[PDB]
């Protein structure tokens, strides 16, 4: 199951996270449910205590993609939120409304002007799907900062064990993440 002991980084300025867009450069899926490798980019925003974020996934094996919009409330305790998610097309038109039994919780472990580290617990039945850690950069295929690489170690992980995305033949939809 996903860890219940993940807490966001204390003192982090949320503006460093809710800004620009993010590309996943490295991911650690602690308990994968499928064997395909994904690329992902997303654009998180917040307003008045509610996060809305536009999400994109690209299956590098199968060459398929899908789009979502997550929505949830910013924890008063720190940079963390539990979101419900709709399925959308590449123009953000809704294909399916959220299934309220499913959620994900995102916890920000580090963020600076170039890079971030987050933990995501996706619950896509009624079941934690297991921990996913993603290293993020504002620019595609860029190098994460030293600070973010330190945060990986401090989360008890080893960067050597992450899957990098730079060599996967990723295709992104930058128009979508710029909406």
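Numbering follows the first chain given and starts at 1.
In this entry, 76-84 has the higher mean Cα B-factor, the comparison being between 103-111 and 76-84. Of the two segments, 120-128 and 59-67, the one listed with the higher mean B-factor is 120-128 (C-alpha atoms only).
Remark: of 11, 169, 20, 164, 11 shows the highest value [criterion: C-alpha B-factor in the PDB entry].
Ranked within its chain, residue 154 lands in the middle third, by CA B factor from the PDB record. Sort the modelled residues of the chain by CA B factor and residue 43 lands in the lowest third. Residue 52: CA B factor in the middle third of modelled residues in this chain (values from the PDB entry). For residue 139, the recorded CA temperature factor ranks within the middle third of the chain's modelled residues. In this PDB entry, the Cα temperature factor of residue 26 sits in the bottom third of its chain's modelled residues, the lowest group.
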